[PDB]
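What follows is a short report on a single structure.
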Amino acid sequence: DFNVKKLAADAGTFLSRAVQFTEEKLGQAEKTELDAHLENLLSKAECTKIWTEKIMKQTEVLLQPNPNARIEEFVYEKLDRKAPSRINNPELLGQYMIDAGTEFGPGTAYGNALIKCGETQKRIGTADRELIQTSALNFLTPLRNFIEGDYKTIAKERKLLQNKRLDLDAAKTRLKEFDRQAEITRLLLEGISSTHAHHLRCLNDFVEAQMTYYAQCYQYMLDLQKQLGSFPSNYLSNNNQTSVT
Amino acid sequence: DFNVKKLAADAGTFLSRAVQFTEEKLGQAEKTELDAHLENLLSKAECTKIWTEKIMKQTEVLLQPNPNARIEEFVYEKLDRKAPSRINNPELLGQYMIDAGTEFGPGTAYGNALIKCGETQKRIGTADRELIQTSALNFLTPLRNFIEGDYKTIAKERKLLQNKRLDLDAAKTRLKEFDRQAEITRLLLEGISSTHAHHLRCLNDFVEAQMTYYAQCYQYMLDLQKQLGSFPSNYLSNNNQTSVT
Amino acid sequence: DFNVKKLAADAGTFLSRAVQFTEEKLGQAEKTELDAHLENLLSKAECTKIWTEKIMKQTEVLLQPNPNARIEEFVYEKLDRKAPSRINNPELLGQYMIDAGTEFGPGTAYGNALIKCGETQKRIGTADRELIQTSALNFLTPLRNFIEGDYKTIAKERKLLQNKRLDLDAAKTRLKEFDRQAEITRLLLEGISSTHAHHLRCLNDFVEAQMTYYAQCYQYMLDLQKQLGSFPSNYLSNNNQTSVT
């Protein structure tokens, strides 16, 4: 009983090639840091940058674990131009089930039953349609615009710091603009380090955006025991058959 | 604004070729029925047979909308012989978020925060693991064993009825075993027609098996506002920064 | 459901080419203003000029949404020389209906009914004839004569201000009549800015000129329930038929 995680690790190559299938996580970011006063600040900065970046991709497989439907989510547009709709699976469950309860027979308990169940799956499909938007606008869009916004400024200032530090070192070694560039870089690194009530703001709203789906569709799904309860109450008194209460 | 459903129908070929991708629904069953006393009874029988068959496939895309993970669900075995585990997507979220909250830094609010969030996604992943079993044993397995059980008897008796009806007609036309075969066939058709507290039994348990996921993971997800509420209560009194309540 | 305004925007090219069809609105006017003391005063002046101009054209499609009948309205003349009459559509509704109630039969309820209805449409057509005149003389004619009157003076004074400002600048730059022209221009701009109880005077009369059509033709149209009410009162007592009250 040792291959129980040996070949599970060997199939973990397939599980991490499904991670490599359309680029899911793949590592963390990097290890290399600055000189040892902005060591952990640049570490917190770049791990903050990729921690902002990777959970967008990982929440996109939460919204769409289909391969094609992950390509329809990423664009920020709310119009039809290059983004089709996801085939919602309880919609595809009620789309046949309404016509199946129709063509079953209207004068049975099943005509009063399966039409209600296919209506219930169709009303459940609206929850799967509205699940993919609040993460698209509170976790994909503002973190994406913080990636395509102020993170370019932090990367530009540290890229020019890594250019001007060697200029300062080659100036000060050859005896007989490090300061301003280091100041704007260290200001952006300390702004991403200390002044960081932005990622907890999206995370505390992300857990509530996950949370405000479940009890609503739950308390909708209690109503099918009220709607379908006619057959344990009046169809049990049929002279043809007595059945399950 | 008329192409708004014209090219939506033309992409409905792609949406129904994703139905044709690993065989999702594809029609209903058939139209052809018997002579006009077992017309609607054979209609209810064959539409009952395919109505038992198709929602198994449609609930399998509810359990797994991944293409590979639909192949790992169908077998009734619960061991490891020819069915690997599904890569659960909130497991893949808390599998890197725990090490990211570790390597972020332990002496911050984020060390007390993102470790809690990655723990929350890991405890949410157990719900996605337990979602795929009660439909596998109350909707896949008994409907599958009713397909591979008594439906073979109904199909065999109607197949021999369609053999012996022409024998009776060719016997009674040529002047100068229809009855027993028609009796067992009509008994199986009326047993699938009237005595049918089997599909409502799996449907009323199927809606509760859907239902008993949501409020449980909901009331787990209210506890992260209790666990993460330390930062709107004690970290707001920091002399470095006042932040969001 | 995203093409629901994507192809509505793509047909908005046809809706704005119907704006381009005989020149309906087309933009606002312009953006370019003077130096930053007569910036907003010239903005208010030119937007006032085009705001005087464009609602004349837009009220002309309110009076005549026919394409030919918009060409018959614009000229200020009240005589026949180059302006024919509009084919009024309730006149064209009563023109057949009077001869149709005549040739229907005089000895029926329909002879006492459809002649009354075709008379009602003919008396309704006088309201469509008188709708197109009070906007032609309170919104087309005085705003048009304020366009072809004092607006030429404002445009002439600002055109000579834009000529003499560069003359003042080229005079005062070359060391070793801006004032009078700027005074008459700034007087006309402040007269169109502050002293502007002219466009509210036509607008408050324009909304009443719209308003004094509706209740008059309404309270005419209540009289057809008095004139046509003979058939729910005396024709119901016919021995041939009892009918709708």
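Here the protein sequences line up with chains A, B and a, keeping their order. In terms of the authors' numbering, the first sequence is residues 5 to 180, 201 to 269. In terms of the authors' numbering, the second sequence is residues 5 to 180, 201 to 269. In terms of the authors' numbering, the third sequence is residues 5 to 180, 201 to 269. Idealized CB from N, CA, C, for every residue including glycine.
Taking a/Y237 as the centre and dropping the five residues before and after it, the same chain places the C-beta of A131, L135 closer than 7 Å to its C-beta, in chain order.
When 9 Å is used as the limit between beta carbons, a/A22 is near no residue of chain B, the shortest such separation being about 15 Å. The Cβ atoms of a/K126 and a/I102 sit closer than 8 Å to each other. Among the residues facing chain a, A/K86 is not included, as its CB has no counterpart in that chain under 8 Å away. Residue environment for A/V23: buried (at least 16 other C-beta atoms within 10 angstroms of its C-beta). The C-alpha of a/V65 lies about 16 Å from the C-alpha of a/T56. The Cβ neighbour count for a/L19, taken over all protein chains shown within 10 Å, is under 16; the residue is labelled exposed. For a/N7, at least one C-beta of chain B is nearer than 8 Å to its own C-beta.
Here the alpha carbon of A/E34 sits roughly 52 Å from the alpha carbon of B/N228. The straight-line gap separating the alpha-carbon atoms of B/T145 and a/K10 is approximately 46 Å. Between B/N7 and a/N7, the C-beta spacing is below 8 Å.
A residue is called buried when at least 16 other Cβ atoms come within 10 angstroms of its Cβ; a/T177 does not meet this threshold and is exposed. Note that the C-beta distance between B/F108 and A/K48 is below 8 Å. With contacts defined by Cβ atoms closer than 8 Å, A/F255 and A/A104 do not form a contacting pair. Rounded to the nearest whole angstrom, the C-alpha separation of B/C121 and A/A221 is 15 Å. B/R225 reaches chain A at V268, counting residues in chain order whose Cβ is nearer than 7 Å.
With contacts defined by Cβ atoms closer than 8 Å, a/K168 and a/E152 do not form a contacting pair. For B/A13, not one C-beta of chain a is nearer than 8 Å to its own C-beta. Around the beta-carbon of B/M245, 16 or more other beta-carbon atoms lie within 10 Å, marking it buried. Measuring C-alpha to C-alpha distances from A/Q251 to each of A/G31, A/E28, A/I119 identifies A/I119 as the nearest.
Against chain B, a Cβ distance below 8 Å from A/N142 picks out nothing, because the smallest value is about 15 Å. For A/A73, there is no enclosing alpha helix (DSSP H), as DSSP marks it with neither H nor E. Under the DSSP assignment, B/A175 falls in the alpha helix (DSSP H) whose first and last residues are 154-177. Around the Cβ of A/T63, a 10 Å sphere holds 16 or more other Cβ atoms; the residue is buried. B/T17: member of the alpha helix (DSSP H) spanning 16-24, first to last residue. Between a/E161 and a/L45, the gap from beta carbon to beta carbon reaches 8 Å or more. Between the alpha carbons of A/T138 and A/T269 lies a distance of about 41 Å.
Note that the C-beta distance between a/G129 and a/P94 is below 8 Å. Identification of chain A residues near a/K10 by a Cβ-Cβ cut-off of 9 Å yields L83, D84, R85, ordered along the chain.
Counting every other CB atom within 10 Å of its CB across the protein chains shown gives a/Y100 a total below 16, marking it as exposed. Flagged as an interface residue toward chain A: B/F255, by a C-beta distance shorter than 8 Å. Looking at the backbone, the Cα of a/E37 and that of a/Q166 are separated by about 11 Å. Between A/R85 and A/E76, the C-beta spacing is not below 8 Å.
Here B/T266 has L260 as same chain residues with Cβ atoms under 6 Å from its own Cβ, once five neighbours each way along the sequence are excluded.
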